[PDB]
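Note sheet for the following structure.
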Protein chains: 2
Amino acid sequence: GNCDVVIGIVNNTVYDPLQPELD
Amino acid sequence: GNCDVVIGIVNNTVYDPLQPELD
Ligand SMILES: *[C@@H]1O[C@H](CO)[C@@H](O)[C@H](O)[C@H]1NC(C)=O
C-alpha cells in the first residue's frame, strides 16, 4: 500500500540483506 | 540462533541460491 492509508504507522528504516552482498 | 545450544545437530551447507543468482 501507501503510507497514508494505514493508521498509527511509524516512520522507520527497513534493511535489505541482498543489497550488501551485491555491493 | 548459533550452533552451540541445540542438542542434536549435523553439518551440511545451506546452498543459498542467491550467490549463484547474483553472478
Ligand atoms: C493514541 O491515543 C492518543 C490519546 O492517548 C491519541 O491522541 C492518538 O492520536 C492515538 N494514536 C493512534 C495512532 O491511534
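Here, each number is a calculation from the coordinates, and none is a lab measurement. A quick note on method: Cβ atoms are made from the backbone with ideal geometry, for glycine too, and the neighbour counts reach across all protein chains shown.
Each of residue A:5 and residue B:23 was given a label point 7 Å from its Cα along the Cα-to-Cβ line. The distance between the two points is 4.1 nm.
A simple charge model with +1 on the Cβ of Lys and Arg, -1 on the Cβ of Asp and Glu and nothing else charged puts the dipole of the protein assembly as shown at about 240 debye relative to its Cα centre.
Using a 10 Å cut-off around each Cβ, can you sort B:14, B:6 from fewest to most neighbouring Cβ atoms?
Working: B:14 5, B:6 8.
Arranged by neighbour count, lowest to highest, B:14, B:6 become B:14, B:6.
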